[PDB]
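Input: a single structure, listed below in structure tokens.
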Amino acid sequence: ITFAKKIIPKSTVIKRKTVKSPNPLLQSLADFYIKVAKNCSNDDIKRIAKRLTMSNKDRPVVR
Amino acid sequence: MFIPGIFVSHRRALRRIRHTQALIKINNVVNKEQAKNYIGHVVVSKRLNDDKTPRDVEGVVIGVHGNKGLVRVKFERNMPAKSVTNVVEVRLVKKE
Amino acid sequence: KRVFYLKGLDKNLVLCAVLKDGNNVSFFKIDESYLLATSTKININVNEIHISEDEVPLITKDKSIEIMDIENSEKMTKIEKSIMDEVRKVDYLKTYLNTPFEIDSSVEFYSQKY
Amino acid sequence: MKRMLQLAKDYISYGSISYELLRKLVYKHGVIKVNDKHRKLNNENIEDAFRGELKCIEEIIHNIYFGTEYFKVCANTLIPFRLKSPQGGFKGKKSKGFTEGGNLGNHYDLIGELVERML
Amino acid sequence: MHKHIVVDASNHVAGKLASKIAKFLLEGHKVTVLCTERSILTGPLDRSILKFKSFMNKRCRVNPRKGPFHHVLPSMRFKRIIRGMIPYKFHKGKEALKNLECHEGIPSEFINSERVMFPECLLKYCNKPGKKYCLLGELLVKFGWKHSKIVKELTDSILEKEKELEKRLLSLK
Amino acid sequence: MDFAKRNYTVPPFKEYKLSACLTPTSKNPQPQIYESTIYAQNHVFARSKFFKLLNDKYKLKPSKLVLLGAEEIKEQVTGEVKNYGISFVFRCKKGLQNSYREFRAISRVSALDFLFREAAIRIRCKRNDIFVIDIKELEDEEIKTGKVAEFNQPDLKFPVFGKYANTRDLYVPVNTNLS
Amino acid sequence: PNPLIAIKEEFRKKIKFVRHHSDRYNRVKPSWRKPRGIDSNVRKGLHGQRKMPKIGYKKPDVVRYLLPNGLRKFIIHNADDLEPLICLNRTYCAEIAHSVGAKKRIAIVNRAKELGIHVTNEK
RNA sequence: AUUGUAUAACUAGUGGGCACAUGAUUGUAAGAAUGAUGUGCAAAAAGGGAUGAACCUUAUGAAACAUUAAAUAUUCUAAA
RNA sequence: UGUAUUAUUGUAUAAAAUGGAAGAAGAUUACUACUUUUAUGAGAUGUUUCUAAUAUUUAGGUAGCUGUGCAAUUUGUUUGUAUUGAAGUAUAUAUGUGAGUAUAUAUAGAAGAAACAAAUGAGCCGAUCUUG
Ligand SMILES: [Mg+2]
Ligand SMILES: [Mg+2]
Ligand SMILES: [Mg+2]
Ligand SMILES: [Mg+2]
Ligand SMILES: [Mg+2]
Ligand SMILES: [Mg+2]
Ligand SMILES: [Mg+2]
Ligand SMILES: [Mg+2]
Ligand SMILES: [Mg+2]
Ligand SMILES: [Mg+2]
Ligand SMILES: [Mg+2]
Ligand SMILES: [Mg+2]
Ligand SMILES: [Mg+2]
Ligand SMILES: [Mg+2]
């Protein structure tokens with residue numbers, strides 16, 4: 001008899017609350033999606049809130 | 001109403017001194033079993049002032065120490081350690 | 001000095017009566033912890049004695065406090081004949097309350113029965 | 001498990017206690033795990049530990065004694081106990097073996113003398 | 001509470017008596033020793049000469065004036081034994097040595113004063129019976145004590161010569 | 001232990017009756033049972049001593065054994081002094097030796113401890129090194145030592161040399177008699 | 001009285017953190033520097049030598065920066081600068097800078113009297 | 001038994017070591033020279049071995065109270 | 001009662017360079033051998049308060065790597081002080097874990113401070129360091 005523990009993926013956890021860019025508009029978008037992602041059950045919204053706090057390299061360009 | 005005593009030394013190791021607890025030899029107490037009754041008794045020590053008036057500091061017995069009736073006691077301001085072999089007294093009032 | 005314990009109050013104090021020079025008693029209040037008990041006892045009922053807190057003074061630890069002598073209550077003198085008769089019954093009790101209490105040397109304090 | 005205790009005998013003293021002393025350990029020193037954090041071992045954290053199968057502390061002690069299929073899950077959700085120094089001290093030495101004159105090794109049923117003073 | 005105590009030193013072991021006195025001084029009392037020439041030293045007389053002869057060899061080679069001194073009198077020899085127990089360099093030990101006094105035999109002042117003995121140091125109750133021993137003043141004659149004869153005479157003469165209620169109960173009550 | 005300073009009537013060593021056998025297997029179910037008596041302090045110390053004895057007379061490893069039951073034996077003591085003779089084997093520096101002694105005590109638990117006191121001087125070895133073969137009560141005309149034969153004769157009287165003080169105090173005045 | 005004054009006196013120390021060897025010469029100033037030698041007895045922390053600053057000595061955030069009166073001080077430069085601390089009358093106290101002249105210092109005390117602000121720096 | 005595991009990018013210091021326990025080679029022998037396994041000092045506090053880099057108990061912020069280990073209980077020195 | 005061995009144990013064999021080392025005084029019940037109790041005694045281990053990215057889990061550290069902060073000189077913008085007395089210097093008091101800061105009294109006589117950003121000739125006990 002075992003019990004399986006729930007696995008939270010690391011692509012949904014958030015580490016940095018402050019963005020490294022000196023832009024005041026990007027800071028106002030970033031905390032809005034953090035405020036929603038705490039009380040949301042949908043997974044893809046949590047992926048957006050992490051992706052706003054990354055660098056320039058980690059979000060490359062898309063054709 | 002007071003029973004005389006002798007301040008022997010602080011609580012010691014061979015090379016380290018704990019300055020907060022002092023050892024007192026009470027008169028005519030020779031055992032552990034007789035020393036267990038003298039707990040919670042107020043101890044008054046008499047020391048001088050700067051203008052040579054009397055000054056008084058009081059303390060409460062904490063517990064026994066050894067096999068021959070030596071008794072630990074905790075004061076308000078600790079003993080000056082130059083008052084070795086002086087005389088303090090024990091009251092008959094219990095303090096809880 | 002040996003003092004008759006009459007009754008306990010509510011202020012974490014007690015009522016007590018000490019003898020005086022000639023056949024005179026008083027009242028005072030001290031802490032319960034300032035006392036020491038002996039096995040000797042006379043019979044005094046608690047309903048005869050009445051209690052009033054303002055009449056009776058108190059005594060602190062420190063010596064240099066002047067205490068005021070309050071005028072003697074009328075209820076006391078009726079109680080005074082109920083206690084000064086009790087001292088005449090037991091043989092040599094007036095000589096017992098005049099002699100001061102002393103610690104004896106060469107013997108431990110908590111050995112005797114007192 | 002007995003062969004593992006044979007190799008690690010230089011730091012380990014072990015035995016086999018009774019039911020009454022086992023009941024005395026859990027009520028005094030008990031810490032449960034739920035979601036990788038230590039908790040108070042109430043009647044409500046037992047629910048979230050076992051997903052509602054066990055509802056009382058007395059259910060746990062019944063499963064360690066009579067070895068059942070819930071043995072591994074109940075023995076693992078307890079963190080190691082934390083005990084005091086023994087009242088009265090050790091008799092001989094701490095380094096030598098039990099049959100040699102010390103304390104280390106296998107006490108068979110006499111482990112109940114050492115744990116109660118440390119308890 | 002500090003007492004004054006006169007001690008008769010006779011029939012005592014020399015080293016063991018000096019052990020109990022050094023704790024009795026460090027609590028702040030005053031003590032005096034009489035008849036220190038009659039203490040006992042265990043063992044044969046032949047080893048006890050060999051021990052003292054090794055003590056008379058230590059002297060400073062460069063300047064012998066600034067060297068270890070060897071006292072002869074049984075009073076001043078007994079003081080050197082008690083000094084080994086006490087921390088005589090600091091202020092704590094300098095005070096306790098100001099309350100010590102020893103004497104030769106029995107002087108004139110202490111004929112009427114009482115004496116005490118120590119039961120943990122008497123020879124009959126300390127050791128096994130039936131072994132050899134010697135006195136202290138018997139040993140120091142061979143090292144140059146000038147006068148062991150007059151003290152024996154004067155002390156022994158001292159040690160030879162010493163060898164209406166019912167009305168008041170009713171009236172006062 | 002009121003007058004004495006150590007318990008001389010109930011020593012630490014006791015008497016245990018032991019029994020054990022092998023664990024059953026397929027080739028050999030229901031094997032042989034053995035029994036003995038070893039003197040020790042608890043049953044755990046007596047388990048270790050007995051299993052080593054079974055290693056030497058038979059090839060039985062102690063890892064395969066199982067302990068059946070061990071109980072303690074006590075004797076209703078009356079209080080008469082009896083004679084005892086102990087035969088034993090002790091281990092020393094050079095090798096093993098075997099000897100024989102005769103004692104006088106109340107019970108055989110007590111007579112064993114008088115051997116440990118004598119062996120502390122004459123032999124100078126730890127108490128776990130002596131292996132006791134048997135203790136028996138000796139009747140008369142088997143006493144081979146004059147020390148037991150001197151004390152067995154009736155109506156003995158001999159005084160005592162007094163050398164002990166009767167006060168636990170620091171100092172007493174001179175001329176008080178410590179009788 | 002204020003209950004915060006009795007809580008403030010529980011967290012006090014005597015330790016001063018004076019630099020090593022600052023008494024032996026007049027070259028070395030008594031401000032604190034950390035020794036970085038090889039044989040340094042102060043760096044290893046043996047008993048009998050000086051103590052070093054660590055983060056365990058830090059007071060809590062309720063008691064930190066508190067005056068003995070029970071308030072936290074603030075510096076004003078004008079007579080009209082008292083406007084932001086009118087509502088914080090019980091928590092904060094004000095004091096005057098050391099450059100204000102004696103004539104302008106009179107008009108500050110009359111304005112701190114009406115609003116109820118407690119001024120430490122006087123005379 | 002372990003809530004993570006796996007993968008990349010960039011960059012510093014070091015390359016004169018010594019000691020204890022177990023077992024070896026050369027040498028009459030060495031606080032001598034040279035290898036093998038484990039742990040230390042270097043870079044590690046307090047208590048004990050009178051004193052000592054490596055021996056014996058022993059994991060780490062500022063303090064107070066009780067229980068022990070190593071070692072000790074005539075006196076210096078706390079404790080029959 | 002004595003001759004043979006075995007076990008335990010004592011003495012002789014045993015000699016050096018200034019006055020000596022069981023740590024010392026001294027000990028024959030403070031030496032040696034074997035057991036049980038009592039007590040003293042460590043950032044050890046328990047109980048309570050507080051500080052460090054709801055820590056009932058973690059916290060030493062040479063060479064070395066990274067983060068948060070204090071001191072000095074000059075530049076753009078905003079706010080303010082001063083002949084009823086600015087900058088400097090000398091003594092105290094409070095406050096900060098610490099680099100440090102703020103105020104009070106005496107002396108002296110003409111200019112200096114704070115916030116958001118910028119540029120560096122940007123913080124000494126040592127070099128048989130340089131000048132007085
Ligand atoms: Mg122990
Ligand atoms: Mg080891
Ligand atoms: Mg190096
Ligand atoms: Mg060390
Ligand atoms: Mg040594
Ligand atoms: Mg002592
Ligand atoms: Mg203790
Ligand atoms: Mg710890
Ligand atoms: Mg601790
Ligand atoms: Mg660190
Ligand atoms: Mg430069
Ligand atoms: Mg310079
Ligand atoms: Mg430098
Ligand atoms: Mg020059």
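Following the order of the structure tokens, chains are lettered A, B, ..., residues in each are numbered from 1, and ligands are numbered from 1.
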
Next item on the list: Write out as an MDAnalysis selection string each polymer residue whose atoms come within 12 Å of residue 75 (chain B), counting only C-alpha atoms (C1' of nucleotides); drop sequence neighbours fewer than 3 positions from it.
Entry: chainID B and resid 10 19:24 42:45 56:62 72 78:80

Same residues, C-alpha atoms, saved as a compact mmCIF listing (two decimals), in the first residue's frame:
```txt
# COMPACT_ATOMS: atom_id res chain seq x y z
CA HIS B 10 31.21 30.69 43.27
CA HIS B 19 29.37 34.11 38.08
CA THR B 20 25.62 33.87 38.65
CA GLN B 21 25.35 31.14 41.31
CA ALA B 22 27.04 31.21 44.73
CA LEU B 23 27.71 28.50 47.31
CA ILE B 24 26.75 29.03 50.95
CA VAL B 42 15.21 34.28 51.43
CA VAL B 43 18.90 35.06 51.95
CA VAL B 44 19.96 38.62 52.79
CA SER B 45 23.57 39.75 52.35
CA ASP B 56 21.00 45.20 51.23
CA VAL B 57 20.52 42.69 48.40
CA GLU B 58 18.31 39.60 48.75
CA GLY B 59 18.18 36.18 47.09
CA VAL B 60 16.37 32.82 46.96
CA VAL B 61 17.82 29.34 47.47
CA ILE B 62 17.72 27.31 44.24
CA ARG B 72 23.23 27.15 45.81
CA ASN B 78 26.06 39.03 41.94
CA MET B 79 28.61 38.73 44.73
CA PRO B 80 31.71 40.89 44.24
```

Item checked: Selection within 8 Å of ligand 10 by only C-alpha atoms (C1' of nucleotides) and all ligand atoms, output as a VMD selection string -> chain I and resid 59 to 61

Note to self: With only C-alpha atoms (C1' of nucleotides) as the counted atoms, please give the residues lying no more than 10 Å from residue 118 (chain D), apart from itself and same-chain residues fewer than 6 positions off, as a PyMOL selection string.
What the structure shows: (chain D and resi 82-89) or (chain H and resi 67)

Could you take the residues named above and write them with N, CA and C atoms (P, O5', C5', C4', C3', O3' and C1' of nucleotides), as a PDB file, in the first residue's frame?
```pdb
ATOM      1  N   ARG D  82      13.252  12.465  19.396  1.00  0.00           N
ATOM      2  CA  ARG D  82      14.327  13.257  19.979  1.00  0.00           C
ATOM      3  C   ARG D  82      14.218  13.182  21.493  1.00  0.00           C
ATOM      4  N   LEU D  83      15.167  12.497  22.120  1.00  0.00           N
ATOM      5  CA  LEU D  83      15.081  12.144  23.526  1.00  0.00           C
ATOM      6  C   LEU D  83      16.145  12.881  24.324  1.00  0.00           C
ATOM      7  N   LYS D  84      16.010  12.809  25.645  1.00  0.00           N
ATOM      8  CA  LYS D  84      16.918  13.477  26.560  1.00  0.00           C
ATOM      9  C   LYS D  84      18.059  12.554  26.963  1.00  0.00           C
ATOM     10  N   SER D  85      19.051  13.133  27.633  1.00  0.00           N
ATOM     11  CA  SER D  85      20.105  12.344  28.247  1.00  0.00           C
ATOM     12  C   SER D  85      19.513  11.507  29.381  1.00  0.00           C
ATOM     13  N   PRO D  86      20.078  10.333  29.665  1.00  0.00           N
ATOM     14  CA  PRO D  86      19.472   9.459  30.673  1.00  0.00           C
ATOM     15  C   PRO D  86      19.617  10.015  32.079  1.00  0.00           C
ATOM     16  N   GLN D  87      18.550   9.878  32.858  1.00  0.00           N
ATOM     17  CA  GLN D  87      18.582  10.300  34.250  1.00  0.00           C
ATOM     18  C   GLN D  87      19.333   9.275  35.081  1.00  0.00           C
ATOM     19  N   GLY D  88      20.525   9.643  35.532  1.00  0.00           N
ATOM     20  CA  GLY D  88      21.388   8.717  36.228  1.00  0.00           C
ATOM     21  C   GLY D  88      22.633   8.320  35.473  1.00  0.00           C
ATOM     22  N   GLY D  89      22.720   8.637  34.194  1.00  0.00           N
ATOM     23  CA  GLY D  89      23.935   8.418  33.449  1.00  0.00           C
ATOM     24  C   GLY D  89      24.157   6.967  33.079  1.00  0.00           C
TER      25      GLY D  89
ATOM     26  P     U H  67      20.447  18.155  37.386  1.00  0.00           P
ATOM     27  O5'   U H  67      20.521  17.288  36.049  1.00  0.00           O
ATOM     28  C5'   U H  67      19.594  16.244  35.799  1.00  0.00           C
ATOM     29  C4'   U H  67      19.898  15.515  34.513  1.00  0.00           C
ATOM     30  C3'   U H  67      21.267  14.874  34.397  1.00  0.00           C
ATOM     31  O3'   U H  67      21.366  13.641  35.077  1.00  0.00           O
ATOM     32  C1'   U H  67      20.759  16.007  32.394  1.00  0.00           C
TER      33        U H  67
END
```

Item checked: Residue list for chain I near chain F as a PyMOL selection string, 6 Å, only C-alpha atoms (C1' of nucleotides) -> chain I and resi 8+33-34

Save the residues we just selected, N, CA, C and O atoms (P, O5', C5', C4', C3', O3' and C1' of nucleotides), as a PDB file, in the first residue's frame?
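After the write, part.pdb holds the following:
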```pdb
ATOM      1  P     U I   8      51.550 -15.744  36.888  1.00  0.00           P
ATOM      2  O5'   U I   8      51.387 -15.069  38.316  1.00  0.00           O
ATOM      3  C5'   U I   8      50.192 -14.395  38.664  1.00  0.00           C
ATOM      4  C4'   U I   8      50.215 -13.941  40.099  1.00  0.00           C
ATOM      5  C3'   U I   8      51.267 -12.909  40.458  1.00  0.00           C
ATOM      6  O3'   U I   8      50.893 -11.590  40.115  1.00  0.00           O
ATOM      7  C1'   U I   8      51.268 -14.624  42.073  1.00  0.00           C
ATOM      8  P     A I  33      46.831  -1.732  39.622  1.00  0.00           P
ATOM      9  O5'   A I  33      46.033  -2.980  40.199  1.00  0.00           O
ATOM     10  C5'   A I  33      46.446  -4.306  39.915  1.00  0.00           C
ATOM     11  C4'   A I  33      45.568  -5.317  40.605  1.00  0.00           C
ATOM     12  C3'   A I  33      44.074  -5.163  40.403  1.00  0.00           C
ATOM     13  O3'   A I  33      43.639  -5.678  39.158  1.00  0.00           O
ATOM     14  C1'   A I  33      44.533  -5.603  42.680  1.00  0.00           C
ATOM     15  P     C I  34      42.431  -4.982  38.364  1.00  0.00           P
ATOM     16  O5'   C I  34      41.128  -5.512  39.100  1.00  0.00           O
ATOM     17  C5'   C I  34      40.743  -6.871  38.995  1.00  0.00           C
ATOM     18  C4'   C I  34      39.660  -7.218  39.984  1.00  0.00           C
ATOM     19  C3'   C I  34      38.342  -6.482  39.822  1.00  0.00           C
ATOM     20  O3'   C I  34      37.508  -7.095  38.858  1.00  0.00           O
ATOM     21  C1'   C I  34      38.986  -6.515  42.105  1.00  0.00           C
TER      22        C I  34
END
```

Next item on the list: Excluding region 99-106 of chain D and residues on its chain fewer than 5 positions from it, collect all residues at most 12 Å away from it, counting only C-alpha atoms (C1' of nucleotides), and give them as a ChimeraX atom specification.
Entry: /D:2,5-16,89-94,111,113-114 /F:40-49,126-128
